[PDB]
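**Q** So that we are looking at the same thing, I have put the structure below in structure tokens.
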Amino acid sequence: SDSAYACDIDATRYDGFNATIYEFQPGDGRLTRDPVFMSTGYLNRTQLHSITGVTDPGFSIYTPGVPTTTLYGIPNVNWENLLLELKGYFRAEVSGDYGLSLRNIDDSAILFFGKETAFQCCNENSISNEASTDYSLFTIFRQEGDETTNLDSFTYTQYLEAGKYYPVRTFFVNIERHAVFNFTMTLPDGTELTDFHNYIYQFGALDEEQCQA
Ligand SMILES: [Ca+2]
Ligand SMILES: [Mg+2]
Ligand SMILES: [Mg+2]
């Protein structure tokens, strides 16, 4: 009720993020700075692929000469012009400070945390943002010189309560050449994990009795 972030869910759970690839269109590089497109506008694009069960989402790709790759078990994915969304329920094992990090992103990524900005507790497809400041993290790779790597890293930390579920939604864009999406989590003791296994979860359809916010 007054949690403003957390869901209470009593249902069979499944490991992993839901990953969805959207249709890149020419000129989307200019939209990586657009607060409408990066929050909900991309949901107007055709969904090309959808899978579930991703617990280790980070990747770094650059293979000139071969423009496609296998991403999360999806074959023939264009990694140079990529629109990628992750959605899942983050579950705290203990009460304490958990972190979510986006490191050296190329080209751009945005992170929404909590039921008011990521998605609705009982409907992962119910997504709407109220303002352009709803995000928890936003990063874009701007050439700060002669370097080939984004030197910026971002971390969102929040005190979470044990047993509760927190909606998490990311959107990642690669415009050209290198694709770097390094998305990690941090435990209250400071341990940084690249694999979200046992912390990121999915549910099927949820009734009013199994889901409360
Ligand atoms: Ca790039
Ligand atoms: Mg398991
Ligand atoms: Mg336990």
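Following the order of the structure tokens, chains are lettered A, B, ..., residues in each are numbered from 1, and ligands are numbered from 1.
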Report the residues of region 3-211 of chain A whose backbone DSSP state falls under helix (DSSP H, G or I), written as number ranges by chain.
**A** A: 28-31, 35-39, 41-44
**Q** As a ChimeraX atom specification, which residues of region 18-49 of chain A does DSSP assign to strand (DSSP E)?
**A** /A:18-22,47-49
**Q** Generate a file of the selected residues that holds N, CA, C and O atoms, formatted as a PDB file, in the first residue's frame.
**A**
ATOM      1  N   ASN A  18      12.570 -11.323 -18.602  1.00  0.00           N
ATOM      2  CA  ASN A  18      11.967 -11.381 -19.927  1.00  0.00           C
ATOM      3  C   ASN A  18      12.707 -10.405 -20.832  1.00  0.00           C
ATOM      4  O   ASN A  18      12.826  -9.222 -20.503  1.00  0.00           O
ATOM      5  N   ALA A  19      13.218 -10.900 -21.954  1.00  0.00           N
ATOM      6  CA  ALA A  19      13.945 -10.083 -22.917  1.00  0.00           C
ATOM      7  C   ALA A  19      13.120  -9.945 -24.191  1.00  0.00           C
ATOM      8  O   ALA A  19      12.600 -10.942 -24.706  1.00  0.00           O
ATOM      9  N   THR A  20      13.010  -8.717 -24.699  1.00  0.00           N
ATOM     10  CA  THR A  20      12.237  -8.414 -25.898  1.00  0.00           C
ATOM     11  C   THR A  20      13.060  -7.514 -26.808  1.00  0.00           C
ATOM     12  O   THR A  20      13.568  -6.482 -26.363  1.00  0.00           O
ATOM     13  N   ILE A  21      13.180  -7.898 -28.077  1.00  0.00           N
ATOM     14  CA  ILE A  21      13.906  -7.119 -29.073  1.00  0.00           C
ATOM     15  C   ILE A  21      12.899  -6.401 -29.963  1.00  0.00           C
ATOM     16  O   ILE A  21      11.976  -7.027 -30.502  1.00  0.00           O
ATOM     17  N   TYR A  22      13.068  -5.092 -30.113  1.00  0.00           N
ATOM     18  CA  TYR A  22      12.166  -4.268 -30.900  1.00  0.00           C
ATOM     19  C   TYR A  22      12.831  -3.845 -32.203  1.00  0.00           C
ATOM     20  O   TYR A  22      14.058  -3.813 -32.323  1.00  0.00           O
ATOM     21  N   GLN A  47       7.554  -5.823 -32.098  1.00  0.00           N
ATOM     22  CA  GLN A  47       8.325  -6.793 -31.330  1.00  0.00           C
ATOM     23  C   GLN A  47       8.847  -7.870 -32.272  1.00  0.00           C
ATOM     24  O   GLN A  47       8.063  -8.601 -32.886  1.00  0.00           O
ATOM     25  N   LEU A  48      10.167  -7.961 -32.398  1.00  0.00           N
ATOM     26  CA  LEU A  48      10.763  -8.962 -33.272  1.00  0.00           C
ATOM     27  C   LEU A  48      10.971 -10.296 -32.568  1.00  0.00           C
ATOM     28  O   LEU A  48      10.788 -11.350 -33.182  1.00  0.00           O
ATOM     29  N   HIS A  49      11.376 -10.273 -31.299  1.00  0.00           N
ATOM     30  CA  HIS A  49      11.672 -11.493 -30.561  1.00  0.00           C
ATOM     31  C   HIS A  49      11.341 -11.282 -29.094  1.00  0.00           C
ATOM     32  O   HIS A  49      11.473 -10.174 -28.560  1.00  0.00           O
TER      33      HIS A  49
END
**Q** Select the residues contacting ligand 1 at a distance of at most 7 Å, based on only C-alpha atoms and all ligand atoms, then format the selection as a list in words.
**A** residues 80, 106, 107, 174, 175, 176, 177, 178 and 179 of chain A
**Q** If you keep C-alpha atoms, can you produce a file of those selected residues as a PDB file, in the first residue's frame?
**A**
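Below you can see part-v6.pdb, which holds the result:
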ATOM      1  CA  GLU A  80      24.739  -3.157 -34.577  1.00  0.00           C
ATOM      2  CA  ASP A 106      27.522   1.548 -25.587  1.00  0.00           C
ATOM      3  CA  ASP A 107      25.415   3.135 -26.863  1.00  0.00           C
ATOM      4  CA  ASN A 174      23.122   0.095 -29.797  1.00  0.00           C
ATOM      5  CA  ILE A 175      23.381   2.460 -32.764  1.00  0.00           C
ATOM      6  CA  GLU A 176      26.504   1.209 -34.541  1.00  0.00           C
ATOM      7  CA  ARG A 177      29.712  -0.803 -34.081  1.00  0.00           C
ATOM      8  CA  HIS A 178      30.445  -1.920 -30.489  1.00  0.00           C
ATOM      9  CA  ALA A 179      27.520  -3.042 -28.341  1.00  0.00           C
TER      10      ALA A 179
END
**Q** Ranking A:75, A:163, A:57, A:67 by minimum distance to ligand 3 and counting only C-alpha atoms and all ligand atoms, which one comes first?
**A**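 Looking at the shortest contact to ligand 3, the residue is A:163.
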**Q** At a cut-off of 12 Å, using only C-alpha atoms, what residues contact residue 10 (chain A)? Leave out same-chain residues fewer than 5 positions from it and give the result as a VMD selection string.
**A** chain A and resid 121 to 122 163 to 165 203 to 213
**Q** Counting only C-alpha atoms and all ligand atoms, name the residues that have an atom within 12 Å of an atom of ligand 2; the answer should be given as a ChimeraX atom specification.
**A** /A:13-16,53-55,195-202
**Q** Just to confirm, what's the straight-line distance from CA of residue 128 (chain A) to CA of residue 96 (chain A) in Å (one decimal)?
**A**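 It comes out at 27.9 Å.
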**Q** Can you tell me, as number ranges by chain, what residues are no more than 12 Å from residue 151 (chain A) when counting only C-alpha atoms, ignoring any on the same chain fewer than 6 positions away?
**A** A: 102-107, 139-145, 180
**Q** Using only C-alpha atoms for the distances, tell me which of A:63, A:133, A:158, A:149 is nearest to residue 92 (chain A).
**A**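 Using only C-alpha atoms, the shortest distance to residue 92 (chain A) belongs to A:158.
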**Q** How far is it from CA of residue 123 (chain A) to CA of residue 90 (chain A), in Å with one decimal?
**A**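 Pair CA of residue 123 (chain A) / CA of residue 90 (chain A) returns 14.9 Å.
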**Q** Using only C-alpha atoms, which protein or nucleic acid residues come within 10 Å of residue 85 (chain A)? Drop anything in the same chain fewer than 5 positions from it, and give the result as a PDB file with N, CA, C and O atoms, in the first residue's frame.
**A**
ATOM      1  N   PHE A  17      15.010 -12.777 -16.371  1.00  0.00           N
ATOM      2  CA  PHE A  17      14.365 -11.655 -17.029  1.00  0.00           C
ATOM      3  C   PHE A  17      13.556 -12.132 -18.230  1.00  0.00           C
ATOM      4  O   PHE A  17      13.811 -13.193 -18.807  1.00  0.00           O
ATOM      5  N   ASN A  18      12.570 -11.323 -18.602  1.00  0.00           N
ATOM      6  CA  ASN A  18      11.967 -11.381 -19.927  1.00  0.00           C
ATOM      7  C   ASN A  18      12.707 -10.405 -20.832  1.00  0.00           C
ATOM      8  O   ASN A  18      12.826  -9.222 -20.503  1.00  0.00           O
ATOM      9  N   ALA A  19      13.218 -10.900 -21.954  1.00  0.00           N
ATOM     10  CA  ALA A  19      13.945 -10.083 -22.917  1.00  0.00           C
ATOM     11  C   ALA A  19      13.120  -9.945 -24.191  1.00  0.00           C
ATOM     12  O   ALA A  19      12.600 -10.942 -24.706  1.00  0.00           O
ATOM     13  N   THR A  20      13.010  -8.717 -24.699  1.00  0.00           N
ATOM     14  CA  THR A  20      12.237  -8.414 -25.898  1.00  0.00           C
ATOM     15  C   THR A  20      13.060  -7.514 -26.808  1.00  0.00           C
ATOM     16  O   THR A  20      13.568  -6.482 -26.363  1.00  0.00           O
ATOM     17  N   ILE A  21      13.180  -7.898 -28.077  1.00  0.00           N
ATOM     18  CA  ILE A  21      13.906  -7.119 -29.073  1.00  0.00           C
ATOM     19  C   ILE A  21      12.899  -6.401 -29.963  1.00  0.00           C
ATOM     20  O   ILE A  21      11.976  -7.027 -30.502  1.00  0.00           O
ATOM     21  N   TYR A  22      13.068  -5.092 -30.113  1.00  0.00           N
ATOM     22  CA  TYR A  22      12.166  -4.268 -30.900  1.00  0.00           C
ATOM     23  C   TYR A  22      12.831  -3.845 -32.203  1.00  0.00           C
ATOM     24  O   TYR A  22      14.058  -3.813 -32.323  1.00  0.00           O
ATOM     25  N   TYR A  42       9.457   3.444 -27.290  1.00  0.00           N
ATOM     26  CA  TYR A  42       9.941   2.264 -27.999  1.00  0.00           C
ATOM     27  C   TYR A  42       8.910   1.141 -28.015  1.00  0.00           C
ATOM     28  O   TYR A  42       8.968   0.271 -28.890  1.00  0.00           O
ATOM     29  N   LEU A  43       7.973   1.133 -27.064  1.00  0.00           N
ATOM     30  CA  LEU A  43       6.928   0.114 -27.059  1.00  0.00           C
ATOM     31  C   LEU A  43       6.006   0.203 -28.270  1.00  0.00           C
ATOM     32  O   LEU A  43       5.201  -0.711 -28.487  1.00  0.00           O
ATOM     33  N   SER A  50      10.949 -12.374 -28.441  1.00  0.00           N
ATOM     34  CA  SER A  50      10.667 -12.392 -27.015  1.00  0.00           C
ATOM     35  C   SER A  50      11.114 -13.727 -26.449  1.00  0.00           C
ATOM     36  O   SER A  50      10.787 -14.776 -27.012  1.00  0.00           O
ATOM     37  N   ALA A 109      21.468   3.335 -22.335  1.00  0.00           N
ATOM     38  CA  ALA A 109      20.604   2.475 -21.534  1.00  0.00           C
ATOM     39  C   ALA A 109      19.908   3.288 -20.453  1.00  0.00           C
ATOM     40  O   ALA A 109      20.432   4.297 -19.975  1.00  0.00           O
ATOM     41  N   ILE A 110      18.735   2.812 -20.049  1.00  0.00           N
ATOM     42  CA  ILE A 110      17.916   3.465 -19.035  1.00  0.00           C
ATOM     43  C   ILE A 110      17.351   2.378 -18.126  1.00  0.00           C
ATOM     44  O   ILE A 110      17.033   1.276 -18.586  1.00  0.00           O
ATOM     45  N   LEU A 111      17.259   2.677 -16.833  1.00  0.00           N
ATOM     46  CA  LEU A 111      16.798   1.728 -15.826  1.00  0.00           C
ATOM     47  C   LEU A 111      15.636   2.323 -15.042  1.00  0.00           C
ATOM     48  O   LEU A 111      15.743   3.434 -14.513  1.00  0.00           O
ATOM     49  N   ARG A 169      12.845  -2.690 -15.036  1.00  0.00           N
ATOM     50  CA  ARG A 169      12.741  -2.598 -16.483  1.00  0.00           C
ATOM     51  C   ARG A 169      13.922  -1.790 -16.993  1.00  0.00           C
ATOM     52  O   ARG A 169      14.202  -0.705 -16.475  1.00  0.00           O
ATOM     53  N   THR A 170      14.634  -2.343 -17.970  1.00  0.00           N
ATOM     54  CA  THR A 170      15.716  -1.647 -18.642  1.00  0.00           C
ATOM     55  C   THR A 170      15.415  -1.572 -20.128  1.00  0.00           C
ATOM     56  O   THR A 170      14.683  -2.403 -20.674  1.00  0.00           O
ATOM     57  N   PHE A 171      15.982  -0.562 -20.777  1.00  0.00           N
ATOM     58  CA  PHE A 171      15.944  -0.449 -22.228  1.00  0.00           C
ATOM     59  C   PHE A 171      17.339  -0.086 -22.716  1.00  0.00           C
ATOM     60  O   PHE A 171      17.935   0.880 -22.227  1.00  0.00           O
ATOM     61  N   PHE A 172      17.869  -0.869 -23.654  1.00  0.00           N
ATOM     62  CA  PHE A 172      19.231  -0.700 -24.144  1.00  0.00           C
ATOM     63  C   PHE A 172      19.217  -0.470 -25.649  1.00  0.00           C
ATOM     64  O   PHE A 172      18.448  -1.107 -26.380  1.00  0.00           O
ATOM     65  N   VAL A 173      20.081   0.431 -26.110  1.00  0.00           N
ATOM     66  CA  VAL A 173      20.177   0.763 -27.525  1.00  0.00           C
ATOM     67  C   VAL A 173      21.632   0.684 -27.962  1.00  0.00           C
ATOM     68  O   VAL A 173      22.509   1.288 -27.335  1.00  0.00           O
TER      69      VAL A 173
END
**Q** Return the single residue from A:76, A:3, A:108, A:153 that is closest to residue 32 (chain A), with distances computed using only C-alpha atoms.
**A**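 Going through A:76, A:3, A:108, A:153 one by one, the smallest distance to residue 32 (chain A) is for A:108.
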**Q** Could you check the closest approach to residue 40 (chain A) for each of A:155, A:132, A:182, A:150 and tell me which residue wins, using only C-alpha atoms?
**A**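 Result for the nearest residue to residue 40 (chain A): A:132.
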